[PDB]
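K.L.:
One structure follows; several queries about it will come next.
Shown next as structure tokens:
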């Protein structure tokens with residue numbers, strides 16, 4: 001009967017520790033970069049490349065005309 | 068008292084089940100995280116953009132002065 | 136006693152396996168990019184997007200004026 005009580009006690013402690021380890025693991029995971037975030041960043045750079053290209057072309061035409 | 072212990076194991080049964088589900092959820096989240104990589108390619112593109120934007124700023128300042 | 140002891144042993148096996156899974160996930164997590172290490176790239180891109188927005192507006196204004 002002390003045999004069972006001690007097994008249940010081992011289970012209690014190990015469950016409690018696992019709960020804390022999982023809580024820490026989710027905090028760590030939350031601080032990692034999402035694939036979606038990287039994709040957003042790449043698409044913003046693509047947007048910037050395109051806008052800068054158009055601006056260059058626009059500025060070149062303005063420059064000629066102002067002359 | 069055996070009932071008290073049964074209730075305790077019932078609690079732990081549920082907690083172990085929840086923990087199994089939390090671990091599977093965390094696996095899925097990890098799969099959607101970006102692997103460490105060399106940032107050279109993205110950084111080089113941003114460096115090109117900052118140079119082009121700097122040069123554009125200078126050009127647009129000149130025109131703004133002339134037109135005004 | 137026996138039936139409850141067996142249930143407890145079953146749960147100890149599951150907890151044991153879970154501890155190993157968690158150790159393993161910690162290792163996977165180490166191969167992932169830290170969000171904080173992307174902060175500089177992200178901010179630079181946000182700066183550039185604003186600068187390009189303002190440059191576009193100024194160019195369109197000048198163009199209209201000259202045209």
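Residue numbers (the working numbering), protein chains in the order written: chain A, 1 to 67; chain B, 68 to 135; chain C, 136 to 202. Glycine residues also receive a C-beta, built at the ideal position from the N, C-alpha and C atoms.
(1) Could you tell me which chain A residues have their CB closer than 9 Å to the CB of residue 169/C, listed as they occur along the chain?
(2) Mind pulling the chain C residues with CB within less than 9 Å of residue 94/B?
(3) Here's a check: name, in chain order, each residue in its chain whose Cβ is nearer than 6 Å to the Cβ of residue 53/A, leaving out the five neighbours to either side.
(4) Determine whether the beta carbon atoms of residue 33/A and residue 137/C lie at a separation below 8 Å.
(5) Per DSSP, which residues does residue 167/C bridge with? Please list them.
(6) Is the Cβ of residue 142/C closer than 8 Å to any Cβ of chain B?
(7) In whole angstroms, give me the CA-to-CA distance for residue 7/A and residue 20/A.
(8) For the stretch 181-192 of chain C, which residues have a beta carbon sitting closer than 9 Å to at least one beta carbon of chain B?
(9) Residue 157/C: buried (16+ other C-beta within 10 angstroms of its C-beta) or exposed?
P.N.:
Looking at the coordinates:
(1) Translated into positions along the third chain, residue 169/C becomes position 34. Chain A residues near residue 169/C: 31, 32 and 33.
(2) As a first step, residue 94/B is located in the second chain; it is residue number 27 there, counting from the start. Those within 9 Å of residue 94/B in chain C are 156, 160 and 163.
(3) Against the first chain, residue 53/A aligns to sequence position 53. Excluding sequence neighbours, residue 53/A sits near nothing in its chain.
(4) Here residue 33/A refers to the residue found at position 33 of the first chain. Here residue 137/C refers to the residue found at position 2 of the third chain. Not in contact: residue 33/A and residue 137/C (Cβ atoms no closer than 8 Å).
(5) Here residue 167/C refers to the residue found at position 32 when the third chain is read from its first residue. Looking at the DSSP assignment, residue 167/C forms a beta bridge with 102/B.
(6) Counting from one through the third chain, the residue named residue 142/C turns up at place 7. It does; some Cβ of chain B falls within 8 Å.
(7) One-based indexing of the first chain puts residue 7/A at position 7. One-based indexing of the first chain puts residue 20/A at position 20. Cα to Cα, residue 7/A sits roughly 20 Å from residue 20/A.
(8) 182, 183, 186, 187 and 190
(9) On the third chain, position 22 is the one that residue 157/C refers to. With 16 or more Cβ atoms within 10 Å of its Cβ, residue 157/C is classed as buried.
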